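Remarks on the structure that follows.
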Amino acid sequence: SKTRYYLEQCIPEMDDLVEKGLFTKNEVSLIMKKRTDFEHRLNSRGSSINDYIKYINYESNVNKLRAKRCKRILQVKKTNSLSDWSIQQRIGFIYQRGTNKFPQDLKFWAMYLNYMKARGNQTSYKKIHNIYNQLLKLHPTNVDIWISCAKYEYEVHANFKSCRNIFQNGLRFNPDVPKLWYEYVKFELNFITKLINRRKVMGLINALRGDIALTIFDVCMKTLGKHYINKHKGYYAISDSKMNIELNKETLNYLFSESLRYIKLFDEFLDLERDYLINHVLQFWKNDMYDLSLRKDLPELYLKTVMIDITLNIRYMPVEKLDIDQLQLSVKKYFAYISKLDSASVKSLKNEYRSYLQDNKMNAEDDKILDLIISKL
Amino acid sequence: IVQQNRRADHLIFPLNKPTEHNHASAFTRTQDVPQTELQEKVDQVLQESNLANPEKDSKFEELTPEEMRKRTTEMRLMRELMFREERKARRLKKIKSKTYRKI
Amino acid sequence: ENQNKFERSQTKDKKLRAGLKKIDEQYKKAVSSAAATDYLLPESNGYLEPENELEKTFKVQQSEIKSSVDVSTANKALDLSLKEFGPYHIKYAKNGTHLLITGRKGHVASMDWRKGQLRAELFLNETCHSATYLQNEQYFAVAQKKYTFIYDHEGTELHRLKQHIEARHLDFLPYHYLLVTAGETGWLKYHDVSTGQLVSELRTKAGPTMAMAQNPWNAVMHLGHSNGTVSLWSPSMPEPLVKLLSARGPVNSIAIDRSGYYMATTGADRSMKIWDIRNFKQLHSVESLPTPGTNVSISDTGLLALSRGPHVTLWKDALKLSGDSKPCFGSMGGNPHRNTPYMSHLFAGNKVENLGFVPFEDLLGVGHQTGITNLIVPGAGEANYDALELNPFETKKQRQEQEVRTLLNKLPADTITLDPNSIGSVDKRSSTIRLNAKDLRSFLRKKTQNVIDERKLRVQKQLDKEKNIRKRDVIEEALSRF
Amino acid sequence: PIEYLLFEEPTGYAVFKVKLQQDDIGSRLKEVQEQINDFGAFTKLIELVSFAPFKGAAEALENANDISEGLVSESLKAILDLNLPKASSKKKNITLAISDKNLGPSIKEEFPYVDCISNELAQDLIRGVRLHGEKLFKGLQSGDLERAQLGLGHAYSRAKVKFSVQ
Amino acid sequence: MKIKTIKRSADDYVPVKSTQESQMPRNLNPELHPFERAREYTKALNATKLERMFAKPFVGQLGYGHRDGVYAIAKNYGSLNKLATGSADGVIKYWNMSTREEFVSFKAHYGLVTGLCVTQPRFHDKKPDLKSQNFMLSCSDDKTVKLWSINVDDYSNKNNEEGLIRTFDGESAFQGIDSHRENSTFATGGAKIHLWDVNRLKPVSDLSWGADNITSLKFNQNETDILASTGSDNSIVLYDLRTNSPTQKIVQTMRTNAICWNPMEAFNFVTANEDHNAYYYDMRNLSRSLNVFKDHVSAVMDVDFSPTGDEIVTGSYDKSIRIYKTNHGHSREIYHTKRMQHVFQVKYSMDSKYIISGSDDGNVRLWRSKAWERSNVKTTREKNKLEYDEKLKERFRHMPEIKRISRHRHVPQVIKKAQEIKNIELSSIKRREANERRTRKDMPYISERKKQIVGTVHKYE
RNA sequence: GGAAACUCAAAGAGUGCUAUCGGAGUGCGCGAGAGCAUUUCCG
């Protein structure tokens with residue numbers, strides 16, 4: 001057998017564990033017969049990850065009990081012997097064996113990764129890189145793997161070159177999820193904000209705009225459009241004019257539903273040239289794709305683009321007198337678009353009136369003005 | 001070398017240093033050229049303004065009353081916004097300094 | 001700490017010095033890494049301790065030990081009391097699973113006992129002396145009236161034996177698949193139960209065999225005659241391999257420890273002897289026992305048991321080399337340097353017929369007139385069996401696997417000397433300094449052959465004469481050289 | 001020298017590390033070429049180390065067309081760039097047991113440090129992994145192979161015929 | 001009073017479910033395992049009987065063989081399954097031994113082919129394209145040494161220059177070659193030994209002692225710049241290309257046919273000559289043949305070391321091949337078949353398990369070296385059983401009955417009768433030597449390891 | 001004579017089941033360790 005071999009390999013830790021008096025022979029034979037039964041259950045014919053989990057629970061609890069009897073009997077923390085790292089070495093062996101014998105359960109993979117991230121003070125990040133790279137190899141599709149240990153590599157070690165490297169590798173591996181693109185934009189903005197805060201810390205002790213996020217936004221837009229189209233039309237390129245045009249309208253709808261989420265959790269981020277990259281988004285959504293949709297379908301979408309382009313300024317201030325001061329720009333563009341629209345003019349009027357109602361003295365008189373007087377007086 | 005080759009007890013025949021290379025991790029770009037169009041565009045943006053540890057060491061080569069309690073948020077901000085290679089070199093240099101001043 | 005149990009009992013050439021250092025270092029490392037297994041041994045043995053001075057260990061009987069013992073062992077403590085056939089007799093199997101009982105009238109029953117699975121009962125109408133299993137539940141031999149029979153596992157009479165003119169002492173040598181018979185005529189014969197061949201017919205020449213035991217460690221057979229001679233035999237030499245003078249008169253019982261080191265022997269002159277075997281030293285005698293103990297057996301831990309007919313007396317740790325562990329019968333004068341009976345049981349009026357320790361549990365089976373009784377004894381069973389040879393949790397598949405493996409590893413019958421470590425040596429022609437040759441018309445054909453033979457004889461004589469030649473007063477001094 | 005193997009499957013691309021090696025000189029013997037048939041010895045010889053499924057149906061058809069003309073594509077190049085180590089020039093260059101000599105030069109053109117190989121050893125190793133099929137993949141998928149290959153076959157046939165569906 | 005009794009408890013011994021495996025509890029006591037030595041002895045005897053039951057050494061032919069018996073075989077050294085055979089009517093062939101077929105054939109010369117070897121020949125005006133085509137070169141007795149490419153599908157990197165890359169031509173004939181495995185140099189033998197490299201049509205150097213022909217050569221396997229040769233002055237010569245000169249010369253009692261270096265010692269070689277024993281020399285003290293393998297009946301036509309560095313394959317002029325170990329000096333075991341005659345070239349393969357023998361009937365047969373170890377990858381308990389009972393046979397090989405089972409073969413009747421009469425002749429001549437030594441006084445105890453040397457230039461240092 | 005297989009035993013075939021000192025530093029090897037080994041922070 002090999003169960004005899006694993007049990008015989010775990011004997012010197014109990015040897016010095018009885019040689020130092022913190023475990024007598026009766027209870028160490030008790031834990032050894034319990035580990036014998038657990039290990040045969042582990043190396044059965046058709047075992048289970050539940051068996052791996054509860055054997056790991058047994059080893060962690062006997063490690064906690066060994067530390068407790070060490071701080072109670074010998075009154076020292078580290079016994080500088082074989083008795084200390086042996087249980088963590090065995091837990092590492094059990095997690096490696098479980099990830100070899102059962103590689104499809106991310107609950108067990110995540111328990112291994114959390115245990116190793118906790119024991120990073122004793123065994124450093126090379127084992128983290130090894131088991132995470134083999135996890136990436138065995139599951140390239142599941143984007144939460146890339147997102148999780150990119151968060152690890154950014155929040156525990158903060159190595160931005162390798163972080164952007166694994167985001168670009170995962171984005172090459174599956175450029176048809178929205179979540180990976182959007183959280184790559186989120187990480188890229190976190191890096192650019194930390195860099196500008198480094199520059200501000202330099203200025204405190206006394207070029208690099210959002211073009212990275214805008215280029216990956218553009219590649220996000222065209223690639224998610226193409227792969228949404230290929231998620232539809234499964235095997236045969238559907239060939240009739242109205243069906244092709246209506247599916248182009250459908251992917252325009254889904255793509256703009258992604259772009260508005262970009263605008264949402266960028267407006268939550270802003271702290272930067274926010275109007276610059278928001279106007280880059282809206283210049284792209286002025287220069288449309290497959291249909292040039294301003295006079296074509298989705299006129300409510302065209303109204304929402306006009307509404308964002310008008311209300312670009314108003315979304316930032318609690319001191320609304322500055323909004324009234326610069327509102328000549330907003331109402332000037334508003335008149336420039338009311339002069340172009342007719343019933344979308346009416347819906348845009350209701351939208352701008354609701355925005356000013358959500359908003360609410362010399363400028364409130366001179367530079368609607370009824371609400372400006374009602375908020376000034 | 002043939003004499004101690006006939007005193008050893010078991011001879012495992014990969015004798016010389018064999019091909020033992022670590023696998024291509026996802027953290028390291030292999031052939032050091034942009035493959036995809038995204039790598040193309042991001043590197044043709046980041047050709048100009050990158051913190052390739054020079055500005056990191058220049059802006060992190062700073063860190064007493066400030067050591068005790070006066071800069072209790074400024075030192076936290078500096079050690080937080082320190083990057084990876086700058087933080088590793090700072091840890092090694094401070095550990096060597098404490099090894100010199102505390103033996 | 002335990003390496004005495006696991007122990008197995010200056011040169012010129014440099015490579016041979018290094019090789020000798022490698023092999024005795026490997027010996028030391030393998031003995032240590034074998035001795036470090038009893039940490040992983042599954043359970044611990046049992047004991048009853050006095051824990052006081054008034055609480056003697058032999059004022060404890062079956063009622064209180066069966067009260068404070070486990071339910072499974074208490075239900076193992078059987079009593080298969082049968083009365084319509086005669087004074088019964090026990091033989092457990094090699095592993096502790098099956099039991100084989102034998103009445104002196106006609107009864108032979110081979111049966112599980114921890115399960116109620118009577119798998120071969122057979123009555124007969126002739127006096128069945130003793131019985132024993134062969135290798136398994138499958139085949140069991142009974143020493144009947146005047147022909148030994150062997151039987152299949154359900155009860156079909158497999159074989160009468162044409163030899164074994166009678167039989168009253170019969171058992172098995174397990175690894176060799178040997179059946180050993182000693183009878184009331186002066187014989188001892190070996191019959192292999194695999195090939196079916198007889199192996200040897202050793203004429204005993206010492207009267208009828210009064211008792212017999214088997215050594216497990218080297219598979220020699222220990223006869224005990226009416227001369228008081230304990231002889232040890234094996235089918236190499238037709239003579240007895242050694243002899244011993246154990247008791248005076250006849251010896252009624254003899255029993256060997258499973259490690260082959262110790263021999264208990266009880267005669268008919270109210271005498272017991274304890275013997276070493278590997279040194280043949282009479283270790284200590286025991287006199288003054290009231291009746292001649294008819295049957296002694298010995299546990300797997302050193303806990304021997306006399307059986308004096310009504311009494312059964314178990315002594316713990318009465319096989320050391322000291323003069324303290326001499327088994328006595330009563331603490332007199334305030335003497336804690338004796339060895340009292342570790343425990344004892346007294347049956348009513350029925351003479352105990354034979355003992356036998358259950359192999360891997362804590363109980364001593366004893367068979368008497370009215371049947372069977374097992375006795376719960378805490379230290380008298382080896383706790384931790386080794387599953388590659390004996391196994392009380394068999395199945396059909398692994399039982400057949402052990403059958404085919406042991407039939408493939410049948411040791412040949414010549415290989416049982418007095419010491420079975422002696423098949424690796426050189427053959428008594430050692431030459432520790434080895435001389436390796438470096439440091440020293442049909443009448444007419446017959447007549448010419450005789451001529452060439454006589455010339456070879458003359459050349460041999462001349463070479464030996466030359467070898468002996470190479471390896472070897474005044475007036476007569478003047479009158480020399482003539 | 002066969003230490004990585006590439007298998008293509010109608011749910012996704014698989015790459016197998018070759019743990020130990022096959023007997024090269026006796027590779028026509030009965031007692032060697034029954035080991036490919038039985039399962040208890042093939043997983044001694046080949047383990048799964050990467051399996052990336054193309055998930056789009058049309059992207060599966062496009063990968064199948066690019067393989068069927070013998071050309072690299074995005075997902076294949078992606079998983080080889082991930083899995084294949086940079087064997088540095090001091091040691092060797094890495095080897096890769098692919099199924100066809102038409103595909104061979106098109107990966108040697110793109111990756112320099114790889115070296116494709118298809119002798120009869122790669123042929124019957126790929127034959128063994130094709131025979132054992134799903135039982136190698138140990139559950140890293142959602143969907144069996146035969147219905148997916150039925151759909152992919154019908155699509156590849158219609159894309160070859162350019163059959164008018166009007 | 002405190003009592004206790006052992007508790008089987010029936011759960012840590014028999015399982016809870018059905019599918020999990022039952023316990024094998026374990027006690028390593030020499031009490032409970034009584035007969036140690038007799039039981040492992042009987043396991044050794046069953047090991048010997050099962051080895052004789054599985055002693056099935058022959059694995060196959062390859063192709064339909066050549067025309068008229070081989071006379072040169074060259075294994076390659078980089079790859080495993082590629083092997084060149086040159087045979088008598090000028091026919092060289094380059095076999096892929098995996099499918100056991102030939103890549104290409106060539107009518108290589110007119111007369112007898114004499115020797116071939118493969119090279120990875122680094123040209124200077126060309127990259128070594130040695131991962132798509134493989135190069136072998138062959139010398140015959142019609143004064144030509146041809147160097148050839150071979151198209152080979154070992155890889156699949158590319159997509160044509162099939163044969164006869166070039167032809168070196170010599171003054172006299174040629175008798176053998178071998179290629180220096182570094183820097184594209186190769187040496188030949190003929191009237192006198194020559195050293196070429198593949199950028200010249202003329203010989204770069206000439207390296208004889210005197211005007212005496214040279215039957216065979218061999219380079220090293222490491223410390224490559226020295227080499228050895230054998231000429232029909234019954235002589236072993238060594239040479240060193242670093243000094244570019246011959247360096248020592250011994251003369252034995254009969255002509256050395258085939259020499260072979262050791263690929264793990266780098267200063268030991270075996271030497272196969274017409275007296276029926278392969279000598280095994282140490283280089284830096286050529287006064288004593290530090291072993292002599294002494295079991296044939298006829299001329300020892302070829303030898304080679306296995307690349308594991310301890311086994312010798314030999315093939316005799318009588319129709320038999322033998323495998324020796326280095327450390328013994330007698331035959332481990334012997335192959336033969338009825339359909340092979342006069343094995344002329346034997347070579348270990350680089351796998352160190354398969355010996356390629358080439359007869360004079362035409363075939364290039366193959367054999368397993370260990371005649372019972374199969375080639376499949378085995379499960380770990382089976383590998384444990386095989387290595388354990390092989391170690392038992394190795395430990396108990398001196399017992400007489402398993403010696404008389406492990407020793408005997410079916411040696412063919414010709415070899416058995418002729419070895420029997422050779423043995424009675426040797427016993428008779430030893431008896432007459434004992435009589436003569438019984439008389440005389442100045443008679444040296446002549447060592448068997450120095451019996452065959454009858455002269456050494458650079459006598460002693 | 002038909003057989004309930006749920007009493008049990010001995011066996012025969014077919015099917016499915018597994019692998020082979022601790023983190024750094026320090027003399028170190030071609031962004032880099034797979035190891036040689038410590039008084040350097042040490043634990």
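Numbering starts fresh at 1 for the residues of each chain in the structure tokens, the chains themselves are lettered A, B, ... in the order given, and ligands are numbered from 1 as they appear.
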
Dump as number ranges by chain the residues of chain F that approach chain A to within 8 Å, counting only C-alpha atoms (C1' of nucleotides).
F: 17-18, 22-23, 43

Taking only C-alpha atoms into account, which residues of chain B are within 10 Å of chain D, as a ChimeraX atom specification?
/B:17-31,35-36

Next, write the just-selected residues to a file, as a tab-separated table (two decimals), in the first residue's frame, keeping N, CA and C atoms as the atom set.
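See selection_12.tsv below for the written result:
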chain	number	residue	atom	x	y	z
B	17	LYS	N	23.44	18.50	-15.19
B	17	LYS	CA	22.36	19.45	-14.93
B	17	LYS	C	21.37	19.41	-16.09
B	18	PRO	N	20.17	18.87	-15.90
B	18	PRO	CA	19.27	18.67	-17.04
B	18	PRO	C	18.48	19.92	-17.35
B	19	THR	N	17.54	19.83	-18.29
B	19	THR	CA	16.62	20.93	-18.56
B	19	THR	C	15.61	20.97	-17.42
B	20	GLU	N	15.85	21.87	-16.46
B	20	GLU	CA	14.96	22.09	-15.33
B	20	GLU	C	14.67	23.59	-15.29
B	21	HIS	N	13.65	23.99	-16.04
B	21	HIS	CA	13.22	25.38	-16.11
B	21	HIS	C	11.81	25.49	-15.55
B	22	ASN	N	11.55	26.57	-14.83
B	22	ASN	CA	10.20	26.84	-14.36
B	22	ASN	C	9.29	27.18	-15.53
B	23	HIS	N	8.04	26.75	-15.42
B	23	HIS	CA	7.05	26.95	-16.45
B	23	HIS	C	6.72	28.42	-16.63
B	24	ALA	N	6.14	28.74	-17.78
B	24	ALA	CA	5.86	30.12	-18.15
B	24	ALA	C	4.71	30.63	-17.31
B	25	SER	N	5.04	31.33	-16.23
B	25	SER	CA	4.01	31.88	-15.37
B	25	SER	C	3.26	33.00	-16.08
B	26	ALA	N	2.02	33.24	-15.64
B	26	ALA	CA	1.21	34.28	-16.26
B	26	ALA	C	1.69	35.68	-15.92
B	27	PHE	N	2.55	35.81	-14.92
B	27	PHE	CA	3.05	37.12	-14.51
B	27	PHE	C	4.13	37.65	-15.45
B	28	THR	N	4.85	36.78	-16.14
B	28	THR	CA	5.99	37.17	-16.96
B	28	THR	C	5.64	37.01	-18.44
B	29	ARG	N	5.79	38.09	-19.20
B	29	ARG	CA	5.68	38.01	-20.65
B	29	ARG	C	6.86	37.23	-21.21
B	30	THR	N	6.57	36.29	-22.12
B	30	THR	CA	7.57	35.29	-22.48
B	30	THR	C	8.58	35.83	-23.49
B	31	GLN	N	8.10	36.29	-24.65
B	31	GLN	CA	8.98	36.69	-25.74
B	31	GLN	C	9.17	38.20	-25.82
B	35	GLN	N	1.83	40.87	-28.23
B	35	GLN	CA	1.10	39.91	-29.06
B	35	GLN	C	-0.22	40.48	-29.55
B	36	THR	N	-1.10	40.84	-28.63
B	36	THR	CA	-2.42	41.32	-29.00
B	36	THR	C	-2.41	42.82	-29.26

Any idea which chain F residues end up within 9 Å of chain B if we count only C-alpha atoms (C1' of nucleotides), as a VMD selection string please?
chain F and resid 25 33 to 34 40 to 41

I'd like the neighbourhood of residue 286 (chain A) as a ChimeraX atom specification, where a residue qualifies if any of its atoms comes within 9 Å (using only C-alpha atoms (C1' of nucleotides)), though same-chain residues fewer than 5 positions away should be ignored.
/A:281,292-294,302,305

Kindly determine which residues of chain D lie within 8 Å of chain A, considering only C-alpha atoms, and give the answer as a PyMOL selection string.
chain D and resi 49-53+56-59+61+75+78-79+82-83+138-140+155

With N, CA and C atoms retained, export the selected residues as a JSON list (two decimals), in the first residue's frame.
[["chain", "number", "residue", "atom", "x", "y", "z"],
["D", 49, "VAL", "N", -2.80, 19.20, -17.80],
["D", 49, "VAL", "CA", -2.24, 20.38, -17.16],
["D", 49, "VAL", "C", -2.86, 21.67, -17.66],
["D", 50, "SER", "N", -3.57, 21.70, -18.79],
["D", 50, "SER", "CA", -4.36, 22.88, -19.13],
["D", 50, "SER", "C", -5.50, 22.50, -20.05],
["D", 51, "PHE", "N", -6.66, 23.12, -19.84],
["D", 51, "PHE", "CA", -7.80, 22.88, -20.72],
["D", 51, "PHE", "C", -8.61, 24.16, -20.81],
["D", 52, "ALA", "N", -8.46, 24.88, -21.91],
["D", 52, "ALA", "CA", -9.20, 26.11, -22.10],
["D", 52, "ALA", "C", -10.30, 25.86, -23.11],
["D", 53, "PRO", "N", -11.55, 25.93, -22.73],
["D", 53, "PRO", "CA", -12.62, 25.74, -23.70],
["D", 53, "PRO", "C", -12.97, 27.03, -24.41],
["D", 56, "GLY", "N", -17.72, 30.27, -27.39],
["D", 56, "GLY", "CA", -18.59, 30.65, -28.48],
["D", 56, "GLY", "C", -18.69, 29.53, -29.49],
["D", 57, "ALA", "N", -19.91, 29.31, -29.97],
["D", 57, "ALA", "CA", -20.10, 28.33, -31.02],
["D", 57, "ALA", "C", -19.40, 28.75, -32.30],
["D", 58, "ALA", "N", -19.57, 30.01, -32.71],
["D", 58, "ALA", "CA", -18.91, 30.47, -33.93],
["D", 58, "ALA", "C", -17.40, 30.53, -33.76],
["D", 59, "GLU", "N", -16.92, 30.79, -32.55],
["D", 59, "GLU", "CA", -15.48, 30.74, -32.35],
["D", 59, "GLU", "C", -14.98, 29.31, -32.37],
["D", 61, "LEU", "N", -16.31, 27.02, -34.42],
["D", 61, "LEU", "CA", -16.26, 26.78, -35.86],
["D", 61, "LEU", "C", -15.05, 27.43, -36.50],
["D", 75, "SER", "N", -7.06, 31.38, -29.71],
["D", 75, "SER", "CA", -7.12, 30.59, -28.49],
["D", 75, "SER", "C", -5.96, 29.61, -28.39],
["D", 78, "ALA", "N", -2.94, 31.56, -27.60],
["D", 78, "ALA", "CA", -3.08, 32.03, -26.23],
["D", 78, "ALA", "C", -2.68, 30.95, -25.23],
["D", 79, "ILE", "N", -3.19, 29.73, -25.39],
["D", 79, "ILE", "CA", -2.83, 28.73, -24.40],
["D", 79, "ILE", "C", -1.41, 28.22, -24.59],
["D", 82, "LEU", "N", 0.61, 30.76, -22.80],
["D", 82, "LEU", "CA", 0.49, 30.57, -21.36],
["D", 82, "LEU", "C", 1.31, 29.38, -20.89],
["D", 83, "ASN", "N", 1.06, 28.19, -21.45],
["D", 83, "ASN", "CA", 1.57, 26.96, -20.86],
["D", 83, "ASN", "C", 3.01, 26.65, -21.22],
["D", 138, "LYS", "N", -11.00, 14.79, -15.95],
["D", 138, "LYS", "CA", -11.38, 14.76, -14.54],
["D", 138, "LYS", "C", -12.31, 15.87, -14.09],
["D", 139, "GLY", "N", -13.25, 16.24, -14.95],
["D", 139, "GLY", "CA", -14.32, 17.14, -14.57],
["D", 139, "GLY", "C", -14.08, 18.61, -14.80],
["D", 140, "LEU", "N", -13.13, 18.99, -15.65],
["D", 140, "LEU", "CA", -12.90, 20.41, -15.90],
["D", 140, "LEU", "C", -13.70, 20.91, -17.10],
["D", 155, "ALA", "N", -21.89, 22.21, -38.74],
["D", 155, "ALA", "CA", -21.51, 23.57, -39.09],
["D", 155, "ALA", "C", -20.30, 23.61, -40.00]]

What does the distance between CA of residue 134 (chain C) and CA of residue 91 (chain C) come to in Å, to one decimal place?
11.1 Å

Contacts of region 28-34 of chain E at 10 Å (only C-alpha atoms (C1' of nucleotides); same-chain gap of 6+ positions) as JSON, numbers by chain:
{"C": [5, 6, 7, 8, 34, 35, 36, 37, 38, 41, 175, 216, 217, 218, 219, 257, 258, 259, 260, 300, 382, 385, 386, 388, 389, 390, 420]}

Write out, as a Markdown table, each residue of chain C that has an atom at most 7 Å from chain A, together with the closest pair of atoms and their distance in Å to one decimal, counting only C-alpha atoms, rows going by chain and rising number.
| residue | atom | partner | partner_atom | distance |
| --- | --- | --- | --- | --- |
| C:39 | CA | A:29 | CA | 6.9 |
| C:40 | CA | A:32 | CA | 6.6 |
| C:42 | CA | A:33 | CA | 6.2 |

Name the residues in contact with residue 191 (chain A) at a cut-off of 12 Å, using only C-alpha atoms (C1' of nucleotides), excluding same-chain residues fewer than 2 positions from it; report them as a compact mmCIF listing (two decimals) with N, CA and C atoms, in the first residue's frame.
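The resulting part_39.txt:
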# COMPACT_ATOMS: atom_id res chain seq x y z
N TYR A 154 -2.06 43.11 -6.28
CA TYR A 154 -2.11 44.56 -6.15
C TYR A 154 -2.26 45.05 -4.72
N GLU A 155 -2.87 44.27 -3.84
CA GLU A 155 -3.14 44.73 -2.49
C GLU A 155 -2.23 44.11 -1.44
N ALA A 158 1.53 44.74 -4.54
CA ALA A 158 1.40 45.98 -5.30
C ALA A 158 2.42 46.08 -6.43
N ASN A 159 2.63 44.98 -7.14
CA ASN A 159 3.58 44.94 -8.24
C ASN A 159 2.82 45.17 -9.53
N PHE A 160 2.82 46.43 -9.99
CA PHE A 160 1.88 46.85 -11.02
C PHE A 160 2.20 46.27 -12.39
N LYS A 161 3.48 45.99 -12.67
CA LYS A 161 3.83 45.40 -13.95
C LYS A 161 3.27 43.99 -14.08
N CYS A 163 0.76 42.89 -12.32
CA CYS A 163 -0.69 43.00 -12.27
C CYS A 163 -1.28 43.29 -13.64
N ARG A 164 -0.70 44.26 -14.35
CA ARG A 164 -1.13 44.54 -15.71
C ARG A 164 -0.82 43.38 -16.65
N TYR A 184 -10.60 45.55 -15.11
CA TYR A 184 -9.29 46.00 -15.58
C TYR A 184 -9.24 47.52 -15.65
N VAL A 185 -10.32 48.15 -16.11
CA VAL A 185 -10.38 49.61 -16.11
C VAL A 185 -10.32 50.14 -14.68
N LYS A 186 -10.97 49.43 -13.75
CA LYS A 186 -10.94 49.81 -12.34
C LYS A 186 -9.53 49.73 -11.76
N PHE A 187 -8.80 48.66 -12.08
CA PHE A 187 -7.42 48.55 -11.60
C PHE A 187 -6.52 49.60 -12.24
N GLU A 188 -6.73 49.88 -13.53
CA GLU A 188 -5.91 50.86 -14.22
C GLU A 188 -6.10 52.26 -13.64
N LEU A 189 -7.34 52.59 -13.29
CA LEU A 189 -7.59 53.87 -12.66
C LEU A 189 -7.06 53.92 -11.23
N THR A 193 -4.37 56.71 -10.10
CA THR A 193 -4.65 57.58 -8.97
C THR A 193 -3.56 57.46 -7.92
N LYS A 194 -3.01 56.25 -7.73
CA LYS A 194 -1.89 56.11 -6.81
C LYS A 194 -0.63 56.78 -7.35
N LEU A 195 -0.44 56.80 -8.67
CA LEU A 195 0.71 57.50 -9.23
C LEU A 195 0.58 59.02 -9.08
N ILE A 196 -0.61 59.56 -9.36
CA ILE A 196 -0.82 60.99 -9.19
C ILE A 196 -0.77 61.38 -7.71
N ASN A 197 -1.18 60.49 -6.81
CA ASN A 197 -1.01 60.76 -5.39
C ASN A 197 0.45 60.69 -4.96
N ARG A 198 1.26 59.88 -5.64
CA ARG A 198 2.70 59.93 -5.39
C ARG A 198 3.29 61.27 -5.83
N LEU A 208 0.49 61.45 -18.67
CA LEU A 208 -0.11 60.31 -17.96
C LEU A 208 -1.58 60.55 -17.61
N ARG A 209 -2.35 60.94 -18.61
CA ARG A 209 -3.79 61.11 -18.45
C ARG A 209 -4.45 59.75 -18.61
N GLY A 210 -5.78 59.73 -18.69
CA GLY A 210 -6.50 58.47 -18.74
C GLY A 210 -6.56 57.81 -20.10
N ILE A 212 -4.81 55.32 -21.09
CA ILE A 212 -4.78 53.88 -20.90
C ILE A 212 -6.20 53.34 -20.76
N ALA A 213 -6.98 53.95 -19.86
CA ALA A 213 -8.36 53.56 -19.67
C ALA A 213 -9.21 53.82 -20.90
N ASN B 50 6.27 55.99 -17.49
CA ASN B 50 6.19 54.78 -16.69
C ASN B 50 7.09 54.91 -15.48
N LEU B 51 6.65 54.35 -14.35
CA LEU B 51 7.44 54.35 -13.13
C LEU B 51 8.22 53.04 -13.06
N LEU B 81 2.06 54.00 -0.24
CA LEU B 81 2.22 54.32 -1.65
C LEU B 81 3.59 53.95 -2.21
N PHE B 83 6.02 51.39 -3.92
CA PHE B 83 5.73 50.31 -4.86
C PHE B 83 6.50 49.05 -4.46

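In plain terms, chain E touches chain B through residues 264, 265, 266 and 308 of chain E, where touching means an atom at most 9 Å away, counting only C-alpha atoms.
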